[PDB]
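File shown: data24.cif (mmCIF, C-alpha atoms (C1' of nucleotides) and all ligand atoms).
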```
data_target
#
loop_
_atom_site.label_atom_id
_atom_site.label_comp_id
_atom_site.auth_asym_id
_atom_site.auth_seq_id
_atom_site.Cartn_x
_atom_site.Cartn_y
_atom_site.Cartn_z
CA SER T 81 7.37 -38.66 -22.99
CA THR T 82 4.89 -40.30 -25.34
CA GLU T 83 1.31 -40.37 -24.08
CA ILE T 84 -1.06 -42.43 -26.22
CA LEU T 85 -4.73 -43.18 -25.62
CA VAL T 86 -6.16 -46.30 -27.23
CA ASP T 87 -9.75 -45.09 -27.53
CA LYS T 88 -12.69 -47.51 -27.53
CA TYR T 89 -15.08 -44.92 -28.99
CA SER T 90 -13.21 -43.75 -32.09
CA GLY T 91 -11.19 -46.95 -32.32
CA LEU T 92 -8.24 -44.65 -32.90
CA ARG T 93 -4.95 -44.17 -31.08
CA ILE T 94 -4.54 -40.58 -29.95
CA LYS T 95 -1.50 -38.63 -28.78
CA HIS T 96 -1.21 -34.96 -27.77
CA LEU T 97 -4.44 -35.48 -25.81
CA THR T 98 -6.48 -32.32 -25.31
CA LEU T 99 -8.61 -34.00 -22.64
CA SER T 100 -8.63 -36.83 -20.09
CA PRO T 101 -10.26 -40.25 -20.71
CA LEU T 102 -12.87 -39.29 -18.09
CA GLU T 103 -13.66 -36.12 -20.04
CA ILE T 104 -14.18 -38.26 -23.15
CA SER T 105 -16.77 -40.50 -21.50
CA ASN T 106 -18.49 -37.33 -20.29
CA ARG T 107 -18.81 -35.84 -23.78
CA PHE T 108 -20.01 -39.18 -25.16
CA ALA T 109 -22.22 -39.96 -22.15
CA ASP T 110 -25.75 -39.43 -23.46
CA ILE T 111 -24.85 -39.77 -27.13
CA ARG T 112 -25.16 -42.66 -29.58
CA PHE T 113 -21.65 -43.14 -30.94
CA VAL T 114 -21.19 -44.48 -34.46
CA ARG T 115 -17.74 -45.51 -35.71
CA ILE T 116 -16.73 -43.36 -38.67
CA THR T 117 -16.24 -46.46 -40.84
CA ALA T 118 -19.65 -47.90 -39.99
CA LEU T 119 -21.31 -44.72 -41.27
CA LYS T 120 -21.89 -45.65 -44.92
CA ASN T 121 -23.45 -48.96 -43.88
CA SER T 122 -25.60 -47.21 -41.27
CA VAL T 123 -27.79 -45.07 -43.53
CA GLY T 124 -31.55 -45.60 -43.33
CA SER T 125 -31.55 -47.59 -40.10
CA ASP T 126 -32.49 -44.76 -37.72
CA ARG T 127 -28.92 -44.36 -36.44
CA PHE T 128 -28.72 -40.57 -36.69
CA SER T 129 -32.23 -39.66 -35.49
CA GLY T 130 -31.46 -38.51 -31.96
CA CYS T 131 -28.24 -37.07 -30.58
CA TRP T 132 -25.24 -38.83 -32.09
CA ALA T 133 -21.51 -38.41 -32.63
CA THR T 134 -18.59 -39.86 -34.55
CA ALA T 135 -14.81 -39.40 -34.57
CA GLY T 136 -12.13 -39.63 -37.22
CA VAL T 137 -8.78 -38.39 -38.48
CA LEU T 138 -8.53 -35.28 -40.65
CA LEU T 139 -7.08 -36.68 -43.89
CA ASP T 140 -7.53 -33.81 -46.35
CA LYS T 141 -8.56 -30.18 -45.82
CA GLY T 142 -9.55 -29.79 -49.47
CA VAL T 143 -9.77 -26.32 -50.99
CA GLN T 144 -11.43 -23.05 -49.95
CA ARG T 145 -15.09 -22.90 -50.97
CA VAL T 146 -17.85 -20.30 -51.11
CA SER T 147 -21.53 -20.93 -50.36
CA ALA T 148 -24.29 -19.80 -52.71
CA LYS T 149 -25.09 -17.25 -50.01
CA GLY T 150 -21.52 -15.98 -50.35
CA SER T 151 -20.14 -17.45 -47.14
CA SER T 152 -16.95 -19.50 -46.95
CA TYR T 153 -16.99 -23.18 -46.00
CA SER T 154 -14.84 -26.31 -45.93
CA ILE T 155 -15.04 -29.90 -47.13
CA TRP T 156 -12.91 -32.31 -45.09
CA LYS T 157 -11.92 -35.88 -45.80
CA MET T 158 -12.23 -37.84 -42.55
CA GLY T 159 -11.39 -41.47 -41.84
CA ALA T 160 -9.89 -44.13 -39.58
CA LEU T 161 -6.76 -44.44 -41.74
CA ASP T 162 -8.07 -47.62 -43.39
CA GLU T 163 -8.76 -46.88 -47.08
CA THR T 164 -12.23 -45.60 -46.12
CA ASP T 165 -13.06 -41.90 -46.01
CA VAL T 166 -16.10 -39.67 -45.58
CA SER T 167 -16.93 -36.03 -46.36
CA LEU T 168 -17.47 -33.40 -43.67
CA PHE T 169 -18.93 -29.99 -44.51
CA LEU T 170 -17.92 -27.15 -42.17
CA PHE T 171 -20.35 -24.23 -42.34
CA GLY T 172 -20.51 -20.85 -40.60
CA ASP T 173 -18.93 -20.71 -37.15
CA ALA T 174 -17.65 -24.28 -37.44
CA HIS T 175 -15.64 -23.29 -40.51
CA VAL T 176 -14.49 -20.03 -38.93
CA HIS T 177 -13.23 -21.79 -35.84
CA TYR T 178 -11.69 -24.97 -37.20
CA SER T 179 -10.62 -24.41 -40.82
CA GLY T 180 -7.07 -23.78 -39.64
CA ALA T 181 -6.83 -27.21 -38.00
CA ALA T 182 -3.90 -29.47 -38.87
CA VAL T 183 -4.15 -32.59 -41.02
CA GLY T 184 -3.69 -35.56 -38.70
CA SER T 185 -5.91 -34.12 -35.98
CA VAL T 186 -8.54 -36.33 -34.38
CA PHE T 187 -11.94 -34.67 -34.26
CA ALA T 188 -15.15 -35.72 -32.58
CA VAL T 189 -18.16 -34.61 -34.62
CA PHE T 190 -21.50 -33.97 -32.91
CA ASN T 191 -24.99 -34.15 -34.45
CA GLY T 192 -23.98 -33.71 -38.08
CA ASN T 193 -26.75 -33.68 -40.68
CA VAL T 194 -26.34 -36.70 -42.95
CA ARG T 195 -26.45 -36.89 -46.75
CA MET T 196 -26.01 -40.24 -48.51
CA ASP T 197 -25.40 -40.41 -52.26
CA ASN T 198 -25.83 -43.91 -53.70
CA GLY T 199 -24.63 -42.55 -57.04
CA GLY T 200 -21.05 -43.08 -55.94
CA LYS T 201 -20.20 -39.87 -54.09
CA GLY T 202 -21.15 -41.62 -50.86
CA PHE T 203 -21.60 -40.61 -47.22
CA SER T 204 -21.26 -37.01 -46.10
CA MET T 205 -22.24 -35.05 -43.01
CA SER T 206 -22.32 -31.39 -42.17
CA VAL T 207 -22.05 -29.19 -39.12
CA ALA T 208 -22.29 -25.47 -38.51
CA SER T 209 -21.76 -24.75 -34.83
CA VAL T 210 -18.74 -24.51 -32.60
CA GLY T 211 -19.69 -27.24 -30.20
CA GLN T 212 -20.15 -29.76 -33.01
CA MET T 213 -16.38 -30.08 -33.34
CA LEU T 214 -14.04 -31.35 -30.63
CA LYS T 215 -10.34 -31.87 -31.27
CA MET T 216 -9.38 -34.89 -29.16
CA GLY T 217 -5.72 -34.77 -30.17
CA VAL T 218 -3.51 -36.16 -32.92
CA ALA T 219 -3.67 -39.59 -34.57
CA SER T 220 -0.55 -41.41 -33.39
CA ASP T 221 -0.69 -43.67 -36.45
CA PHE T 222 -1.11 -40.87 -38.99
CA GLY T 223 1.49 -40.27 -41.68
CA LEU T 224 1.80 -39.11 -45.28
CA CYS T 225 2.62 -41.51 -48.12
CA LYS T 226 6.35 -41.50 -48.89
CA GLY T 227 5.62 -42.22 -52.55
CA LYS T 228 5.62 -39.62 -55.32
CA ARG T 229 2.93 -38.58 -57.78
CA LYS T 230 3.29 -39.02 -61.51
CA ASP T 231 4.48 -35.44 -61.90
CA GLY T 232 7.13 -35.82 -59.19
CA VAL T 233 5.18 -34.06 -56.44
CA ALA T 234 5.25 -35.69 -53.00
CA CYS T 235 2.10 -37.70 -52.33
CA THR T 236 -0.19 -36.30 -49.63
CA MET T 237 -2.43 -39.34 -49.15
CA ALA T 238 -3.00 -40.25 -45.50
CA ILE T 239 -1.67 -43.63 -44.38
CA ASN T 240 -1.43 -45.88 -41.34
CA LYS T 241 2.31 -45.72 -40.61
CA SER T 242 1.94 -48.82 -38.42
CA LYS T 243 0.76 -50.87 -41.41
CA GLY T 244 2.92 -49.44 -44.19
CA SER T 245 4.22 -46.23 -45.72
CA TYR T 246 2.38 -46.03 -49.05
CA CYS T 247 -1.11 -45.40 -50.52
CA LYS T 248 -3.31 -47.81 -52.36
CA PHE T 249 -1.85 -45.99 -55.35
CA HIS T 250 1.77 -46.82 -54.49
CA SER T 251 3.11 -50.32 -53.81
"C1'" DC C 1 -29.50 -9.72 -39.49
"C1'" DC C 2 -29.88 -15.44 -36.61
"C1'" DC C 3 -31.31 -20.50 -39.01
"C1'" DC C 4 -30.08 -21.57 -43.70
"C1'" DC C 5 -24.79 -22.80 -46.35
"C1'" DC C 6 -23.36 -29.18 -49.57
"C1'" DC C 7 -17.65 -32.35 -53.34
"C1'" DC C 8 -14.34 -33.14 -60.14
"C1'" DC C 9 -5.97 -34.97 -56.65
"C1'" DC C 10 -2.36 -38.18 -55.37
"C1'" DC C 11 -3.97 -44.77 -59.35
ZN ZN Z 301 1.69 -41.77 -52.43
#
```
Output the file's structure as structure tokens, nothing else.
Ligand SMILES: [Zn+2]
Amino acid sequence: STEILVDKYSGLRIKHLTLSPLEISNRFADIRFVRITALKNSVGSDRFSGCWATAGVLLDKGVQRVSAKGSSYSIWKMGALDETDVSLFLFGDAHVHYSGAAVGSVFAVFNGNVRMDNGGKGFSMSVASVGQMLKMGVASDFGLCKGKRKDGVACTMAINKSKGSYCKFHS
DNA sequence: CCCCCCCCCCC
């Protein structure tokens, strides 16, 4: 049957759990957790100094990229399915080992290096190591917009199916 | 060699 966790950490609802609730508290035990939506308002307040972690839904896997050094990497759109997103850069092993992940997945991110751009591009974080990514499961509220683009292509914006079936762009 | 690696959709 359906098995849904209503997580206090991420503030998300997760199905297809890859771990027990006890295992969650263990991973987050000695770590300062910051909600993925609080991130942009948390820059420059010593929130990311020590060991920290966040968690969000994979909204967009973007396109294949190549580093200046010639290595491949990823740029993910992550969020809590609430009109607010954030950029995640997957480098090296992290990209190798998680670039095939499915949109809708719920990932815990550990100790990402933070970049904040007050020029409009906003909050972003990056990780490069395998243990910096933990798939907790699948967002039970995740869905794709049922609306269509201007050119007739099905919209691929992530939505909260519990609160509606369309983007900010479709109403 | 390792670490490093860094953004123009959907209105
Ligand atoms: Zn749409």
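Of the residues listed (T:185, T:179, T:167, T:245), T:167 shows the shortest atom-to-atom separation from chain C; distances use all atoms listed in the file.
The residues sitting within 6 Å of ligand ZN 301 (chain Z), with only C-alpha atoms (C1' of nucleotides) and all ligand atoms considered, come out as residues 225, 226, 227, 228, 235, 237, 246, 247 and 250 of chain T.
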Any chance you can output those residues with C-alpha atoms as a PDB file, keeping the file's coordinate frame?
```
ATOM      1  CA  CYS T 225       2.620 -41.510 -48.120  1.00  0.00           C
ATOM      2  CA  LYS T 226       6.350 -41.500 -48.890  1.00  0.00           C
ATOM      3  CA  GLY T 227       5.620 -42.220 -52.550  1.00  0.00           C
ATOM      4  CA  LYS T 228       5.620 -39.620 -55.320  1.00  0.00           C
ATOM      5  CA  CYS T 235       2.100 -37.700 -52.330  1.00  0.00           C
ATOM      6  CA  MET T 237      -2.430 -39.340 -49.150  1.00  0.00           C
ATOM      7  CA  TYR T 246       2.380 -46.030 -49.050  1.00  0.00           C
ATOM      8  CA  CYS T 247      -1.110 -45.400 -50.520  1.00  0.00           C
ATOM      9  CA  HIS T 250       1.770 -46.820 -54.490  1.00  0.00           C
TER      10      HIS T 250
END
```
Closest-contact table, chain C side, partner chain T, 9 Å, counting all atoms listed in the file, as JSON lines:
```
{"residue": "C:5", "atom": "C1'", "partner": "T:147", "partner_atom": "CA", "distance": 5.5}
{"residue": "C:6", "atom": "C1'", "partner": "T:169", "partner_atom": "CA", "distance": 6.8}
{"residue": "C:7", "atom": "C1'", "partner": "T:155", "partner_atom": "CA", "distance": 7.2}
{"residue": "C:10", "atom": "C1'", "partner": "T:235", "partner_atom": "CA", "distance": 5.4}
{"residue": "C:11", "atom": "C1'", "partner": "T:249", "partner_atom": "CA", "distance": 4.7}
```
Dump of C-alpha atoms (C1' of nucleotides) for the selected residues, as a PDB file, keeping the file's coordinate frame:
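Dumped to part.pdb:
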```
ATOM      1  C1'  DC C   5     -24.790 -22.800 -46.350  1.00  0.00           C
ATOM      2  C1'  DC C   6     -23.360 -29.180 -49.570  1.00  0.00           C
ATOM      3  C1'  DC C   7     -17.650 -32.350 -53.340  1.00  0.00           C
ATOM      4  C1'  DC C  10      -2.360 -38.180 -55.370  1.00  0.00           C
ATOM      5  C1'  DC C  11      -3.970 -44.770 -59.350  1.00  0.00           C
TER       6       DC C  11
END
```
Near residue T:110, within 9 Å and counting all atoms listed in the file, which residues show up once chain neighbours fewer than 4 positions away are dropped, as a PyMOL selection string? chain T and resi 106+131-132
Excluding same-chain residues fewer than 3 positions from residue T:138, what lies within 12 Å of it counting all atoms listed in the file, as a PyMOL selection string? chain T and resi 116+135+141-142+155-161+165-168+178-189+213+215-219+222-224+237-239
Computed gap from atom CA of residue T:193 to atom CA of residue T:207 is 6.7 Å
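Between atom CA of residue T:139 and atom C1' of residue C:9 lies a distance of 12.9 Å.
For the atom pair formed by atom CA of residue T:105 and atom CA of residue T:177, the distance is 23.8 Å, given to one decimal.
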With distances taken over all atoms listed in the file, which of T:176, T:240, T:95, T:209 is nearest to residue C:3? T:209
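When all atoms listed in the file are used to compute distances to residue T:104, the closest of the residues T:137, T:164, T:214, T:118 turns out to be T:214.
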